[PDB]
>>> print(open('entry_26.txt').read())   # compact mmCIF, C-alpha atoms and all ligand atoms
# COMPACT_ATOMS: atom_id res chain seq x y z
CA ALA S 1 0.00 0.00 0.00
CA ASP S 2 1.16 3.58 -0.57
CA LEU S 3 2.26 5.88 2.22
CA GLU S 4 -1.17 7.47 2.43
CA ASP S 5 -2.97 4.13 2.78
CA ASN S 6 -0.63 3.00 5.52
CA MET S 7 -0.96 6.30 7.41
CA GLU S 8 -4.74 5.94 7.39
CA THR S 9 -4.45 2.40 8.80
CA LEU S 10 -2.22 3.78 11.56
CA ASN S 11 -4.54 6.71 12.26
CA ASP S 12 -7.69 4.60 12.27
CA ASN S 13 -6.34 1.77 14.42
CA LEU S 14 -5.29 4.32 17.03
CA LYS S 15 -8.89 5.39 17.68
CA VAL S 16 -9.94 1.74 17.55
CA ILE S 17 -7.47 1.15 20.35
CA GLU S 18 -8.84 4.22 22.09
CA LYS S 19 -12.31 2.62 22.14
CA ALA S 20 -11.37 -1.02 22.73
CA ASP S 21 -13.21 -2.95 25.44
CA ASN S 22 -10.65 -5.76 25.72
CA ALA S 23 -7.11 -6.92 25.07
CA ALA S 24 -7.83 -8.99 21.95
CA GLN S 25 -9.18 -5.83 20.36
CA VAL S 26 -6.08 -3.86 21.17
CA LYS S 27 -3.79 -6.63 19.91
CA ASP S 28 -5.56 -6.86 16.51
CA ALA S 29 -5.39 -3.12 16.00
CA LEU S 30 -1.74 -2.95 17.07
CA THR S 31 -0.88 -5.87 14.83
CA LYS S 32 -2.42 -4.03 11.89
CA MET S 33 -0.50 -0.90 12.92
CA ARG S 34 2.86 -2.71 13.08
CA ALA S 35 2.46 -4.10 9.55
CA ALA S 36 1.44 -0.74 8.06
CA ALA S 37 4.36 1.03 9.74
CA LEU S 38 6.87 -1.40 8.26
CA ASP S 39 5.33 -1.01 4.81
CA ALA S 40 5.33 2.77 5.18
CA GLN S 41 9.03 2.60 6.02
CA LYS S 42 9.72 1.71 2.36
CA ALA S 43 7.91 4.62 0.72
CA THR S 44 9.56 7.94 -0.13
CA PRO S 45 7.54 10.92 1.14
CA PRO S 46 6.62 13.52 -1.47
CA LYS S 47 8.81 16.04 0.40
CA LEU S 48 11.85 13.79 -0.16
CA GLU S 49 11.41 12.63 -3.76
CA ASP S 50 14.40 14.83 -4.59
CA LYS S 51 16.87 14.03 -1.83
CA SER S 52 19.00 11.03 -2.76
CA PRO S 53 17.89 7.59 -1.47
CA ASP S 54 20.84 7.49 0.94
CA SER S 55 20.00 11.01 2.09
CA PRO S 56 20.38 11.82 5.81
CA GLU S 57 16.75 12.95 5.72
CA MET S 58 15.67 9.60 4.30
CA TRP S 59 17.52 7.60 6.92
CA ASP S 60 15.82 9.71 9.60
CA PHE S 61 12.52 9.11 7.81
CA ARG S 62 13.00 5.34 7.88
CA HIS S 63 14.48 5.36 11.38
CA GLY S 64 11.30 7.06 12.56
CA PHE S 65 9.47 3.82 11.89
CA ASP S 66 11.92 1.62 13.84
CA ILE S 67 10.95 3.69 16.88
CA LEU S 68 7.25 3.35 16.13
CA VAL S 69 7.57 -0.41 15.72
CA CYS S 70 9.55 -0.74 18.94
CA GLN S 71 6.89 1.30 20.68
CA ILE S 72 4.13 -0.77 19.09
CA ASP S 73 5.73 -4.04 20.25
CA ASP S 74 5.86 -2.74 23.82
CA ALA S 75 2.13 -2.02 23.59
CA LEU S 76 1.55 -5.59 22.36
CA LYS S 77 3.58 -6.96 25.25
CA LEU S 78 1.25 -5.06 27.59
CA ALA S 79 -1.87 -6.11 25.70
CA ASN S 80 -0.49 -9.66 25.80
CA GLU S 81 -0.35 -9.38 29.58
CA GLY S 82 -4.02 -8.42 29.86
CA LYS S 83 -3.16 -4.87 30.91
CA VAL S 84 -5.66 -3.19 28.62
CA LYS S 85 -5.60 0.26 30.21
CA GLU S 86 -1.86 0.73 29.99
CA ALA S 87 -1.69 -0.92 26.60
CA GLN S 88 -4.06 1.88 25.63
CA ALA S 89 -1.93 4.49 27.37
CA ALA S 90 1.14 3.11 25.60
CA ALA S 91 -0.85 3.45 22.39
CA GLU S 92 -1.41 7.17 22.96
CA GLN S 93 2.23 7.78 23.79
CA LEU S 94 2.86 6.77 20.15
CA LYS S 95 1.53 10.13 18.97
CA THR S 96 4.79 11.70 20.11
CA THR S 97 6.60 9.73 17.43
CA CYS S 98 3.86 10.36 14.87
CA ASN S 99 3.99 14.17 15.37
CA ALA S 100 7.78 14.28 15.47
CA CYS S 101 8.09 12.74 12.02
CA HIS S 102 5.18 14.76 10.64
CA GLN S 103 6.58 18.22 11.34
CA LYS S 104 9.88 17.36 9.73
CA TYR S 105 8.75 15.46 6.66
CA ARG S 106 4.97 15.70 6.20
CA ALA A 1 37.32 15.54 27.34
CA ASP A 2 37.04 17.01 23.84
CA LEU A 3 35.99 15.00 20.82
CA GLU A 4 39.60 14.39 19.82
CA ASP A 5 40.57 13.04 23.24
CA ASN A 6 37.63 10.68 23.31
CA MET A 7 38.32 9.43 19.77
CA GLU A 8 41.89 8.60 20.75
CA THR A 9 40.64 6.63 23.78
CA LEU A 10 38.32 4.71 21.46
CA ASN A 11 41.04 4.12 18.88
CA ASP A 12 43.65 3.05 21.42
CA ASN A 13 41.40 0.72 23.43
CA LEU A 14 40.48 -1.08 20.21
CA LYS A 15 44.06 -2.23 19.64
CA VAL A 16 44.34 -3.03 23.34
CA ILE A 17 41.37 -5.31 22.86
CA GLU A 18 43.03 -6.68 19.75
CA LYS A 19 46.04 -7.76 21.86
CA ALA A 20 44.29 -8.83 25.05
CA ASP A 21 45.20 -12.17 26.60
CA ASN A 22 42.11 -12.44 28.80
CA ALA A 23 38.56 -11.31 29.47
CA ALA A 24 39.35 -8.86 32.29
CA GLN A 25 41.57 -7.01 29.84
CA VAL A 26 38.86 -6.77 27.25
CA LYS A 27 36.28 -5.62 29.81
CA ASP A 28 38.51 -2.77 31.10
CA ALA A 29 39.20 -1.53 27.60
CA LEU A 30 35.55 -1.77 26.58
CA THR A 31 34.48 0.01 29.75
CA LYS A 32 36.83 2.86 28.91
CA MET A 33 35.46 2.86 25.36
CA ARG A 34 31.83 3.06 26.49
CA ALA A 35 32.51 6.10 28.70
CA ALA A 36 34.44 7.96 25.98
CA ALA A 37 31.71 7.29 23.41
CA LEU A 38 29.04 8.77 25.67
CA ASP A 39 31.17 11.83 26.33
CA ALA A 40 31.89 12.20 22.62
CA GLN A 41 28.16 12.13 21.98
CA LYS A 42 27.92 15.61 23.55
CA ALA A 43 30.54 17.37 21.43
CA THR A 44 29.77 19.15 18.15
CA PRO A 45 32.13 18.09 15.35
CA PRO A 46 33.99 20.90 13.60
CA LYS A 47 32.09 20.04 10.40
CA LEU A 48 28.78 20.78 12.17
CA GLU A 49 29.57 23.92 14.18
CA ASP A 50 27.28 25.76 11.76
CA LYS A 51 24.27 23.46 11.49
CA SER A 52 21.75 24.22 14.21
CA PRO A 53 21.89 22.11 17.41
CA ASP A 54 18.63 20.38 16.47
CA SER A 55 19.98 19.78 12.97
CA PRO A 56 19.15 16.45 11.28
CA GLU A 57 22.91 15.99 10.82
CA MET A 58 23.48 16.49 14.54
CA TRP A 59 20.85 13.97 15.56
CA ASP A 60 22.48 11.46 13.20
CA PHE A 61 25.84 12.37 14.74
CA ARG A 62 24.58 11.69 18.25
CA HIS A 63 22.57 8.64 17.20
CA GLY A 64 25.80 7.17 15.83
CA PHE A 65 27.01 6.82 19.40
CA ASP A 66 23.86 5.03 20.66
CA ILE A 67 24.72 2.31 18.14
CA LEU A 68 28.34 2.20 19.26
CA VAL A 69 27.32 1.95 22.91
CA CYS A 70 24.81 -0.81 22.16
CA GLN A 71 27.50 -2.63 20.25
CA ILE A 72 30.00 -2.08 23.06
CA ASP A 73 27.59 -3.48 25.66
CA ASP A 74 27.14 -6.63 23.58
CA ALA A 75 30.92 -7.04 23.56
CA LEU A 76 30.94 -6.66 27.37
CA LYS A 77 28.22 -9.28 27.69
CA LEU A 78 30.47 -11.65 25.72
CA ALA A 79 33.58 -10.68 27.68
CA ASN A 80 31.49 -11.17 30.83
CA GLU A 81 30.78 -14.71 29.67
CA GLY A 82 34.47 -15.56 29.30
CA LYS A 83 34.20 -15.71 25.52
CA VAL A 84 37.35 -13.71 24.84
CA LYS A 85 37.73 -14.56 21.16
CA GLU A 86 34.27 -13.48 20.14
CA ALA A 87 34.32 -10.51 22.46
CA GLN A 88 37.35 -9.53 20.39
CA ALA A 89 35.55 -10.27 17.14
CA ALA A 90 32.60 -8.19 18.35
CA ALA A 91 35.12 -5.46 19.08
CA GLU A 92 36.34 -5.41 15.48
CA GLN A 93 32.82 -5.34 14.10
CA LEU A 94 32.61 -1.92 15.79
CA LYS A 95 34.79 -0.41 13.06
CA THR A 96 31.77 -0.53 10.75
CA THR A 97 30.06 2.04 12.94
CA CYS A 98 33.27 4.05 13.38
CA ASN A 99 33.85 4.33 9.59
CA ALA A 100 30.20 5.03 8.82
CA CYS A 101 30.16 8.11 11.03
CA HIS A 102 33.61 9.22 9.90
CA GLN A 103 32.86 9.50 6.19
CA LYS A 104 29.77 11.56 6.83
CA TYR A 105 30.98 13.91 9.53
CA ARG A 106 34.75 13.61 10.04
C1 LIG S 201 1.46 7.44 14.31
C2 LIG S 201 0.98 6.24 14.79
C3 LIG S 201 1.09 7.99 13.07
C4 LIG S 201 -0.17 8.36 12.69
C5 LIG S 201 -1.46 8.13 13.47
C6 LIG S 201 -0.03 8.99 11.38
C7 LIG S 201 -1.08 9.57 10.68
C8 LIG S 201 -0.96 10.27 9.48
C9 LIG S 201 -2.06 10.89 8.76
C10 LIG S 201 -3.50 10.99 9.22
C11 LIG S 201 -1.56 11.44 7.61
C12 LIG S 201 -2.41 11.94 6.41
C13 LIG S 201 -2.19 11.06 5.17
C14 LIG S 201 -3.28 11.21 4.12
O1 LIG S 201 -3.17 12.12 3.27
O2 LIG S 201 -4.26 10.42 4.17
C15 LIG S 201 -0.12 11.20 7.66
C16 LIG S 201 0.78 11.62 6.68
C17 LIG S 201 2.14 11.37 6.71
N1 LIG S 201 2.86 10.71 7.72
FE1 LIG S 201 2.10 9.80 9.33
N2 LIG S 201 1.31 8.99 10.97
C18 LIG S 201 2.00 8.36 12.00
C19 LIG S 201 3.37 8.15 12.02
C20 LIG S 201 4.26 8.55 11.04
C21 LIG S 201 5.68 8.36 11.17
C22 LIG S 201 6.42 7.73 12.36
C23 LIG S 201 6.23 8.96 10.05
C24 LIG S 201 7.62 9.08 9.79
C25 LIG S 201 8.46 7.95 9.87
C26 LIG S 201 5.13 9.51 9.25
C27 LIG S 201 5.25 10.20 8.02
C28 LIG S 201 4.19 10.74 7.29
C29 LIG S 201 4.26 11.43 5.97
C30 LIG S 201 5.42 11.68 4.99
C31 LIG S 201 2.99 11.79 5.65
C32 LIG S 201 2.58 12.48 4.37
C33 LIG S 201 2.30 11.53 3.23
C34 LIG S 201 1.94 12.26 1.95
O3 LIG S 201 1.86 13.51 2.00
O4 LIG S 201 1.73 11.60 0.90
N3 LIG S 201 3.93 9.25 9.88
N4 LIG S 201 0.23 10.46 8.80
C1 LIG S 202 35.07 3.53 16.71
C2 LIG S 202 35.21 2.74 17.83
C3 LIG S 202 35.75 4.74 16.53
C4 LIG S 202 37.10 4.93 16.47
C5 LIG S 202 38.17 3.86 16.72
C6 LIG S 202 37.32 6.32 16.14
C7 LIG S 202 38.57 6.89 15.91
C8 LIG S 202 38.79 8.20 15.50
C9 LIG S 202 40.10 8.79 15.24
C10 LIG S 202 41.43 8.07 15.28
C11 LIG S 202 39.93 10.10 14.90
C12 LIG S 202 41.05 11.17 14.84
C13 LIG S 202 40.86 12.24 15.92
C14 LIG S 202 42.12 13.04 16.19
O1 LIG S 202 42.34 14.06 15.50
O2 LIG S 202 42.89 12.65 17.10
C15 LIG S 202 38.48 10.31 14.88
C16 LIG S 202 37.86 11.51 14.55
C17 LIG S 202 36.50 11.71 14.55
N1 LIG S 202 35.49 10.76 14.84
FE1 LIG S 202 35.78 8.89 15.47
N2 LIG S 202 36.10 7.00 16.01
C18 LIG S 202 35.12 6.04 16.26
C19 LIG S 202 33.75 6.26 16.23
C20 LIG S 202 33.15 7.46 15.91
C21 LIG S 202 31.72 7.59 15.83
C22 LIG S 202 30.67 6.48 16.05
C23 LIG S 202 31.50 8.89 15.42
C24 LIG S 202 30.22 9.46 15.13
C25 LIG S 202 29.17 9.34 16.06
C26 LIG S 202 32.81 9.54 15.26
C27 LIG S 202 33.03 10.87 14.86
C28 LIG S 202 34.29 11.46 14.68
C29 LIG S 202 34.59 12.88 14.31
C30 LIG S 202 33.69 14.10 14.09
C31 LIG S 202 35.93 12.99 14.25
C32 LIG S 202 36.70 14.27 13.94
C33 LIG S 202 36.96 15.12 15.16
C34 LIG S 202 37.67 16.41 14.81
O3 LIG S 202 37.99 16.59 13.61
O4 LIG S 202 37.90 17.25 15.72
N3 LIG S 202 33.80 8.64 15.57
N4 LIG S 202 37.80 9.14 15.26
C1 LIG S 203 11.02 1.73 21.39
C2 LIG S 203 12.11 2.75 21.04
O1 LIG S 203 12.09 3.87 21.55
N1 LIG S 203 12.96 2.35 20.10
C3 LIG S 203 14.00 3.07 19.66
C4 LIG S 203 14.38 4.26 20.26
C5 LIG S 203 15.47 4.98 19.76
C6 LIG S 203 16.17 4.51 18.66
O2 LIG S 203 17.21 5.23 18.15
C7 LIG S 203 15.79 3.32 18.05
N2 LIG S 203 16.45 2.88 16.97
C8 LIG S 203 16.09 1.77 16.36
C9 LIG S 203 15.01 1.01 16.80
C10 LIG S 203 14.31 1.44 17.92
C11 LIG S 203 14.70 2.61 18.56
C1 LIG S 204 23.49 -2.38 18.98
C2 LIG S 204 22.71 -1.62 17.90
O1 LIG S 204 22.88 -1.89 16.72
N1 LIG S 204 21.96 -0.61 18.36
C3 LIG S 204 21.19 0.16 17.59
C4 LIG S 204 20.96 -0.11 16.25
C5 LIG S 204 20.15 0.73 15.49
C6 LIG S 204 19.56 1.84 16.08
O2 LIG S 204 18.79 2.68 15.33
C7 LIG S 204 19.78 2.12 17.42
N2 LIG S 204 19.23 3.21 17.98
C8 LIG S 204 19.45 3.51 19.25
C9 LIG S 204 20.26 2.71 20.05
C10 LIG S 204 20.84 1.58 19.50
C11 LIG S 204 20.60 1.28 18.17
NI NI S 205 18.03 4.16 16.58
>>> encode(input="entry_26.txt", output="structure tokens", more="lines below")
Ligand code: HEM
Ligand code: HEM
Ligand SMILES: CC(=O)Nc1ccc(O)c2ncccc12
Ligand SMILES: CC(=O)Nc1ccc(O)c2ncccc12
Ligand code: NI
Amino acid sequence: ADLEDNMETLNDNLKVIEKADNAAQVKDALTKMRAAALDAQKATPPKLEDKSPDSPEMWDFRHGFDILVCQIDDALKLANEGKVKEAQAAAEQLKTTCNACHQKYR
Amino acid sequence: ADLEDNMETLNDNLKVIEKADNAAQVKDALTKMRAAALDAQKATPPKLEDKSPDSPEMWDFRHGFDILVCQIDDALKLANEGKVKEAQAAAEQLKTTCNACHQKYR
């Protein structure tokens, strides 16, 4: 999927997590988020079509996703432990990463 | 210590590790390396005095050290396990990181 498609998946599964009643629901959402983030990692944002592929901006763009995935896996660990409330909190804390990358490259 | 001083510590403790007879020797060297890398992380290379402190180049410069420290800790884990030969091998593998950062910012 393109960058846009993946971003929507991420954005939509965040609210889904924000409404979840149980762990299984959070896990599903987070699992979908993880996949989309990895796939997004491969795209080249429109604001970096120029910059060479090995550009320092690009590496920061891709590195942004390794942080999101690490964060996402921690949320899954929590969801896996039945701690639904803090798996949700962990979910929110992801926005920090989201925003960070958005103001530099979006 | 300045960037230069720290780099020398790193460079010299690498050979020391390359000559070590035992684990304790590797650990000492690596411990000195870890400290110097962290301290180096704070300096601003001469080729980045201009670029703003929050510059994408700077963050890559500092991030370079988080990789070196992670690598260094893995070497210590190995040295801690008595595996002197592979703690040494792990040591060498560090050069990849060293070079990488050198050709971009040195
Ligand atoms: C964090 C989990 C996260 C969310 C949520 C998110 C959402 C998001 C939206 C809603 C858009 C709009 C896309 C559209 O037009 O439909 C958007 C756009 C971009 N994002 Fe994003 N995004 C999240 C995380 C990240 C991360 C960690 C990065 C950087 C590694 C990133 C980057 C981008 C870019 C580029 C765009 C613009 C895409 C385009 O203009 O085509 N996002 N994101
Ligand atoms: C890896 C373990 C590593 C070694 C070894 C190393 C050595 C090294 C030397 C020998 C110099 C010369 C410094 C001097 O003039 O005495 C040097 C210089 C720089 N380095 Fe280095 N260095 C290692 C690792 C790293 C890493 C991971 C970075 C980046 C995060 C880095 C950066 C630099 C920079 C900048 C210089 C130049 C300093 C200056 O010109 O004042 N090094 N390094
Ligand atoms: C969960 C988390 O914060 N992860 C990370 C933080 C900082 C980094 O530089 C990372 N780099 C590569 C992969 C994960 C990283
Ligand atoms: C041992 C090792 O390779 N570490 C790392 C690899 C890649 C990263 O992006 C990292 N980020 C922050 C800290 C360590 C990192
Ligand atoms: Ni990293």
>>> closest_atom_pairs(input="entry_26.txt", of="chain S", to="chain A", cutoff="9 Å", atoms="only C-alpha atoms", output="CSV")
residue,atom,partner,partner_atom,distance
S:56,CA,A:57,CA,7.0
S:57,CA,A:56,CA,7.0
S:59,CA,A:60,CA,8.9
S:60,CA,A:56,CA,7.7
>>> residues_near_ligand(input="entry_26.txt", ligand="ligand LIG 204 (chain S)", cutoff="8 Å", atoms="only C-alpha atoms and all ligand atoms", output="ChimeraX atom specification")
/S:63,66 /A:63-74
>>> residues_around(input="entry_26.txt", residues="residue S:86", least_positions_apart="4", cutoff="12 Å", atoms="all atoms listed in the file", output="VMD selection string")
chain S and resid 17 to 18 22 to 23 26 74 to 82 90 to 93
>>> closest_residue(input="entry_26.txt", among="S:21, S:49, S:31, S:12", to="ligand LIG 201 (chain S)", atoms="only C-alpha atoms and all ligand atoms")
S:12
>>> atom_distance(input="entry_26.txt", atom1="atom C3 of ligand LIG 202 (chain S)", atom2="atom CA of residue A:11")
5.8 Å
>>> closest_residue(input="entry_26.txt", among="S:62, S:96, S:20, S:9", to="ligand NI 205 (chain S)", atoms="all atoms listed in the file")
S:62
>>> atom_distance(input="entry_26.txt", atom1="atom CA of residue S:16", atom2="atom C5 of ligand LIG 201 (chain S)")
11.4 Å
>>> atom_distance(input="entry_26.txt", atom1="atom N4 of ligand LIG 202 (chain S)", atom2="atom CA of residue A:15")
13.7 Å
>>> residues_around(input="entry_26.txt", residues="residue A:48", least_positions_apart="3", cutoff="10 Å", atoms="all atoms listed in the file", output="CSV table (one decimal) with C-alpha atoms, keeping the file's coordinate frame")
chain,number,residue,atom,x,y,z
A,44,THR,CA,29.8,19.2,18.2
A,45,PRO,CA,32.1,18.1,15.4
A,51,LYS,CA,24.3,23.5,11.5
A,52,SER,CA,21.8,24.2,14.2
A,53,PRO,CA,21.9,22.1,17.4
A,55,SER,CA,20.0,19.8,13.0
A,57,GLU,CA,22.9,16.0,10.8
A,58,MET,CA,23.5,16.5,14.5
A,61,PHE,CA,25.8,12.4,14.7
A,105,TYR,CA,31.0,13.9,9.5
A,106,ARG,CA,34.8,13.6,10.0
>>> closest_residue(input="entry_26.txt", among="A:38, A:29, A:98, A:103", to="ligand LIG 202 (chain S)", atoms="all atoms listed in the file")
A:98
>>> closest_residue(input="entry_26.txt", among="S:85, S:19, S:42, S:95", to="ligand LIG 201 (chain S)", atoms="only C-alpha atoms and all ligand atoms")
S:95
>>> decode(input="entry_26.txt", residues="stretch 52-73 of chain S", atoms="N, CA, C and O atoms", output="PDB file, in the first residue's frame")
ATOM      1  N   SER S  52      18.510  12.347  -2.369  1.00  0.00           N
ATOM      2  CA  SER S  52      19.001  11.032  -2.756  1.00  0.00           C
ATOM      3  C   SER S  52      18.468   9.955  -1.814  1.00  0.00           C
ATOM      4  O   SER S  52      18.121  10.237  -0.664  1.00  0.00           O
ATOM      5  N   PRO S  53      18.388   8.702  -2.291  1.00  0.00           N
ATOM      6  CA  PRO S  53      17.894   7.592  -1.474  1.00  0.00           C
ATOM      7  C   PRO S  53      18.675   7.402  -0.174  1.00  0.00           C
ATOM      8  O   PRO S  53      18.106   7.051   0.861  1.00  0.00           O
ATOM      9  N   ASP S  54      19.981   7.641  -0.232  1.00  0.00           N
ATOM     10  CA  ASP S  54      20.836   7.489   0.941  1.00  0.00           C
ATOM     11  C   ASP S  54      20.930   8.796   1.720  1.00  0.00           C
ATOM     12  O   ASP S  54      21.799   8.968   2.575  1.00  0.00           O
ATOM     13  N   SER S  55      20.020   9.715   1.424  1.00  0.00           N
ATOM     14  CA  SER S  55      19.999  11.010   2.087  1.00  0.00           C
ATOM     15  C   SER S  55      19.809  10.916   3.591  1.00  0.00           C
ATOM     16  O   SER S  55      19.072  10.069   4.082  1.00  0.00           O
ATOM     17  N   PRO S  56      20.484  11.793   4.344  1.00  0.00           N
ATOM     18  CA  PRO S  56      20.383  11.819   5.806  1.00  0.00           C
ATOM     19  C   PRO S  56      18.935  12.036   6.252  1.00  0.00           C
ATOM     20  O   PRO S  56      18.537  11.600   7.337  1.00  0.00           O
ATOM     21  N   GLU S  57      18.153  12.716   5.414  1.00  0.00           N
ATOM     22  CA  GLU S  57      16.747  12.951   5.723  1.00  0.00           C
ATOM     23  C   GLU S  57      16.011  11.626   5.611  1.00  0.00           C
ATOM     24  O   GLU S  57      15.211  11.277   6.478  1.00  0.00           O
ATOM     25  N   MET S  58      16.294  10.894   4.537  1.00  0.00           N
ATOM     26  CA  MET S  58      15.673   9.595   4.299  1.00  0.00           C
ATOM     27  C   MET S  58      15.939   8.622   5.422  1.00  0.00           C
ATOM     28  O   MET S  58      15.014   7.973   5.907  1.00  0.00           O
ATOM     29  N   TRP S  59      17.197   8.506   5.835  1.00  0.00           N
ATOM     30  CA  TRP S  59      17.519   7.599   6.921  1.00  0.00           C
ATOM     31  C   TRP S  59      16.768   7.994   8.192  1.00  0.00           C
ATOM     32  O   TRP S  59      16.364   7.127   8.959  1.00  0.00           O
ATOM     33  N   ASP S  60      16.570   9.290   8.419  1.00  0.00           N
ATOM     34  CA  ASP S  60      15.822   9.714   9.599  1.00  0.00           C
ATOM     35  C   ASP S  60      14.352   9.357   9.393  1.00  0.00           C
ATOM     36  O   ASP S  60      13.642   9.015  10.344  1.00  0.00           O
ATOM     37  N   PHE S  61      13.904   9.430   8.143  1.00  0.00           N
ATOM     38  CA  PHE S  61      12.522   9.108   7.813  1.00  0.00           C
ATOM     39  C   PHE S  61      12.237   7.644   8.106  1.00  0.00           C
ATOM     40  O   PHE S  61      11.211   7.314   8.708  1.00  0.00           O
ATOM     41  N   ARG S  62      13.144   6.777   7.669  1.00  0.00           N
ATOM     42  CA  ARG S  62      12.999   5.345   7.883  1.00  0.00           C
ATOM     43  C   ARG S  62      13.236   4.963   9.342  1.00  0.00           C
ATOM     44  O   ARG S  62      12.578   4.063   9.883  1.00  0.00           O
ATOM     45  N   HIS S  63      14.167   5.653   9.988  1.00  0.00           N
ATOM     46  CA  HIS S  63      14.484   5.359  11.375  1.00  0.00           C
ATOM     47  C   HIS S  63      13.274   5.676  12.250  1.00  0.00           C
ATOM     48  O   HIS S  63      13.058   5.032  13.282  1.00  0.00           O
ATOM     49  N   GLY S  64      12.483   6.661  11.816  1.00  0.00           N
ATOM     50  CA  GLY S  64      11.300   7.058  12.565  1.00  0.00           C
ATOM     51  C   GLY S  64      10.390   5.864  12.809  1.00  0.00           C
ATOM     52  O   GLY S  64       9.809   5.703  13.883  1.00  0.00           O
ATOM     53  N   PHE S  65      10.287   5.009  11.796  1.00  0.00           N
ATOM     54  CA  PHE S  65       9.466   3.820  11.885  1.00  0.00           C
ATOM     55  C   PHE S  65      10.044   2.739  12.815  1.00  0.00           C
ATOM     56  O   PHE S  65       9.278   1.996  13.435  1.00  0.00           O
ATOM     57  N   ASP S  66      11.371   2.634  12.929  1.00  0.00           N
ATOM     58  CA  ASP S  66      11.921   1.619  13.841  1.00  0.00           C
ATOM     59  C   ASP S  66      11.525   1.946  15.279  1.00  0.00           C
ATOM     60  O   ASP S  66      11.390   1.052  16.114  1.00  0.00           O
ATOM     61  N   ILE S  67      11.350   3.235  15.557  1.00  0.00           N
ATOM     62  CA  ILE S  67      10.946   3.692  16.882  1.00  0.00           C
ATOM     63  C   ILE S  67       9.457   3.404  17.095  1.00  0.00           C
ATOM     64  O   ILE S  67       9.023   3.018  18.191  1.00  0.00           O
ATOM     65  N   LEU S  68       8.676   3.591  16.042  1.00  0.00           N
ATOM     66  CA  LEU S  68       7.250   3.347  16.134  1.00  0.00           C
ATOM     67  C   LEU S  68       7.014   1.849  16.341  1.00  0.00           C
ATOM     68  O   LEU S  68       6.194   1.442  17.170  1.00  0.00           O
ATOM     69  N   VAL S  69       7.747   1.027  15.598  1.00  0.00           N
ATOM     70  CA  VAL S  69       7.574  -0.415  15.715  1.00  0.00           C
ATOM     71  C   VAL S  69       7.998  -0.925  17.090  1.00  0.00           C
ATOM     72  O   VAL S  69       7.362  -1.836  17.662  1.00  0.00           O
ATOM     73  N   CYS S  70       9.067  -0.343  17.626  1.00  0.00           N
ATOM     74  CA  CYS S  70       9.545  -0.742  18.943  1.00  0.00           C
ATOM     75  C   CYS S  70       8.453  -0.365  19.917  1.00  0.00           C
ATOM     76  O   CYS S  70       8.045  -1.162  20.762  1.00  0.00           O
ATOM     77  N   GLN S  71       7.949   0.851  19.788  1.00  0.00           N
ATOM     78  CA  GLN S  71       6.891   1.298  20.679  1.00  0.00           C
ATOM     79  C   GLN S  71       5.669   0.389  20.580  1.00  0.00           C
ATOM     80  O   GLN S  71       5.104  -0.022  21.598  1.00  0.00           O
ATOM     81  N   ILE S  72       5.278   0.078  19.345  1.00  0.00           N
ATOM     82  CA  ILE S  72       4.125  -0.774  19.094  1.00  0.00           C
ATOM     83  C   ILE S  72       4.298  -2.135  19.755  1.00  0.00           C
ATOM     84  O   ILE S  72       3.361  -2.636  20.381  1.00  0.00           O
ATOM     85  N   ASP S  73       5.481  -2.736  19.621  1.00  0.00           N
ATOM     86  CA  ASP S  73       5.732  -4.038  20.250  1.00  0.00           C
ATOM     87  C   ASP S  73       5.616  -3.976  21.779  1.00  0.00           C
ATOM     88  O   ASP S  73       5.207  -4.943  22.416  1.00  0.00           O
TER      89      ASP S  73
END
